[PDB]
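Residue numbers (the authors' numbering), protein chains in the order written: chain A, 666 to 715; chain A', 468 to 476, 491 to 715; chain A'', 369 to 476, 491 to 566. A prime marks a further copy of an entry chain.
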Ligand SMILES: *[C@@H]1O[C@H](CO)[C@@H](O[C@@H]2O[C@H](CO)[C@@H](O)[C@H](O)[C@H]2NC(C)=O)[C@H](O)[C@H]1NC(C)=O
Ligand SMILES: *[C@@H]1O[C@H](CO)[C@@H](O[C@@H]2O[C@H](CO)[C@@H](O)[C@H](O)[C@H]2NC(C)=O)[C@H](O)[C@H]1NC(C)=O
Ligand SMILES: *[C@@H]1O[C@H](CO)[C@@H](O)[C@H](O)[C@H]1NC(C)=O
């Protein structure tokens with residue numbers, strides 16, 4: 666068999682899922698400061714009851 | 468309603498990410514993907530229909546000229562004819578272009594009033610083999626039977642495909658060969674222009690860096706502490 | 369920051385590009401390794417890199433590919449370090465000799495590398511590159527197939543013009559003309 670047809674190949678672009686990605690979370694940013702003022706306050710205001 | 472009602476079936494605090502960009506990307510991708518996939522699918526289908534549609538043309542075409550149609554459909558210069566409803570082919574024999582000779586006159590002196598209708602040639606198969614008399618057919622074919630004649634007519638003027646060009650006879654007399662460039666050309670083709678989408682680089686971009694955000698506060702508590710705890714040693 | 373099983377390194381335009389389909393990211397580095405010697409206090413880089421890679425290779429590739437050279441560390445734009453480990457499948461393992469050498473050809491004060499806070503640029507770059515590649519491929523295929531089709535139908539038009547030179551020439555020339563064959 667010979668053919669008079671001209672081929673053409675089209676495959677659909679497959680699905681692709683995007684997972685959530687973060688370089689730094691806000692908890693790491695809150696921990697970036699050398700002294701979280703709030704936690705220092707809460708610790709130091711327990712001295713009499715401790 | 469039932470289908471939506473079929474979805475109903491300790492404690493926890495749900496944690497939400499800080500970057501919505503992943504779902505936005507996913508939306509953009511899905512949108513584009515859907516569109517391009519749709520259109521290209523349509524193209525594939527329409528093309529597929531077109532081929533079957535033109536089959537019908539090719540059957541009548543091959544009835545008209547089996548040599549050229551088979552030569553295209555097979556991939557090499559062949560000869561063909563119909564054996565009822567099927568085709569029969571056979572591979573031809575090539576001949577080097579320097580081993581073909583167009584004769585000057587297109588009129589046979591033996592019987593005047595009859596001039597050969599197509600120019601006759603004389604060629605050889607090997608560069609040392611014997612010479613062979615023939616006649617020029619269509620598309621650089623060398624015919625062996627010189628049965629192509631015609632009653633000589635005034636006003637005769639013909640071009641014939643020869644080599645990679647043409648040969649020109651006026652009044653059954655060899656005028657001159659003539660290459661393809663010297664005849665105005667029309668085209669049966671339909672143009673289509675596709676340029677690839679060029680590359681593009683994305684440089685990193687930030688509206689505010691985290692150092693500017695740390696500096697946004699009017700008083701960084703840590704730096705104040707470090708400065709103020711140096712008073713005795715200072 | 370990110371462990372990446374399948375990280376494809378493709379070279380082009382004088383740049384290495386590390387694309388991870390998993391995290392959907394594409395990093396861009398120069399074609400030479402970043403020396404871990406220049407990292408101010410960074411033993412956890414080499415240690416964590418080697419350990420993590422031993423774990424990944426042990427988990428997934430131990431029956432399909434072959435480790436090609438010691439790990440290499442490249443610095444990707446945006447300030448990202450990339451430990452990397454080239455590989456080569458059991459199929460076409462013939463070219464271990466050349467590829468090992470090729471990966472070994474990348475080896476040649492102190493500084494602290496600064497990393498950007500937004501990975502979105504490399505994610506965009508990955509999405510764009512993916513789409514671009516696909517659409518470019520398909521449209522190229524279309525251009526080729528069309529081009530073949532025109533030459534294919536030429537053969538039809540020659541016999542057609544033998545059948546009816548007036549109409550065929552009227553189409554092929556652009557105006558209503560009359561025509562006939564002067565031989566060929
Ligand atoms: C039509 O589609 C693609 C080309 O675009 C080919 O499919 C892939 O071919 C590769 C090898 O080139 C295989 O490893 C893959 O398994 C195939 N599928 C996919 C999804 O990638 C296919 O061969 C083309 N058709 C023809 C006749 O070649
Ligand atoms: C085929 O491709 C494009 C059209 O899509 C044309 O190429 C550009 O044409 C513009 C003028 O329209 C020039 O300034 C550019 O230099 C061309 N190249 C690029 C990359 O933009 C091209 O002319 C088209 N072909 C024809 C025959 O027109
Ligand atoms: C790549 O090399 C160029 C030229 O030396 C340099 O300017 C650029 O910073 C390098 N990029 C890296 C190392 O990521």
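For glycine and all other residues, C-beta sits at the position ideal for the given N, C-alpha and C.
Query: Kindly indicate if chain A'' contains any beta-carbon less than 7 Å away from that of residue 542 of chain A'.; Result: yes
Query: Taking the alpha helix (DSSP H) that residue 421 of chain A'' belongs to, which residues open and close that run?; Result: 411-424
Query: In chain order, what are the residues with a CB under 6 Å from some non-hydrogen atom of ligand 1?; Result: A/674 and A/676
Query: Residue 681 of chain A versus chain A': which residues are under 7 Å apart at the beta carbon?; Result: 510
Query: Starting from residue 658 of chain A', trace the alpha helix (DSSP H) both ways and give me its first and last residue.; Result: No alpha helix (DSSP H) holds residue 658 of chain A'; the beta strand (DSSP E) holding it covers 654-660.
Query: Within 6 Å: the Cβ of residue 678 of chain A' and any heavy atom of ligand 3?; Result: no
Query: Where do the ends of the alpha helix (DSSP H) carrying residue 457 of chain A'' lie?; Result: That residue, residue 457 of chain A'', is in no alpha helix (DSSP H); its beta strand (DSSP E) goes 455-457.
Query: Can you give me the C-alpha to C-alpha distance between residue 485 of chain A'' and residue 669 of chain A, rounded to a whole angstrom?; Result: Residue 485 of chain A'' cannot be located in this model; chain A'' continues from 476 straight on to 491.
Query: Would you say residue 566 of chain A'' reaches chain A', if we count a Cβ-Cβ gap shorter than 7 Å as a contact?; Result: yes
Query: Alpha carbon to alpha carbon, how far is residue 471 of chain A'' from residue 436 of chain A''?; Result: 7 Å
Query: Return the CA-CA distance between residue 563 of chain A' and residue 619 of chain A', expressed in angstroms with no decimal places.; Result: 20 Å
Query: Any chance the stretch 561-581 of chain A' sits against the stretch 601-615 of chain A', with 3 or more Cβ pairs inside 8 Å?; Result: yes
Query: Report buried or exposed for residue 457 of chain A'', applying the criterion of at least 16 other Cβ atoms within 10 angstroms of its Cβ.; Result: exposed
Query: Specify which residues have a beta carbon nearer than 5 Å to any heavy atom of ligand 3, listing them in chain order.; Result: A''/398 and A''/443
Query: Going by alpha carbons, who is nearest to residue 414 of chain A'' out of A''/553, A''/438, A''/494 and A''/505?; Result: A''/438
Query: Sort A'/671, A'/504, A'/581 and A'/499 by Cα distance to residue 531 of chain A'' and report the nearest one.; Result: A'/671
Query: How big is the Cα-Cα spacing for residue 677 of chain A and residue 516 of chain A''?; Result: 9 Å
Query: So which residues on chain A'' does residue 549 of chain A' lean against when the C-beta distance must stay under 9 Å?; Result: 537, 540 and 541
Query: Does at least one heavy atom of ligand 5 sit under 6 Å from the Cβ of residue 432 of chain A''?; Result: This structure lacks ligand 5; its bound ligands are ligand 1, ligand 2 and ligand 3.
Query: Output the distance between the C-alpha atoms of residue 463 of chain A'' and residue 508 of chain A'', rounded to the nearest integer angstrom.; Result: 29 Å
Query: Spell out the partners DSSP gives residue 444 of chain A'' in its beta bridges.; Result: A''/397 and A''/448
Query: For the alpha helix (DSSP H) that residue 552 of chain A'' lies in, which residues bound it at each end?; Result: 547-555
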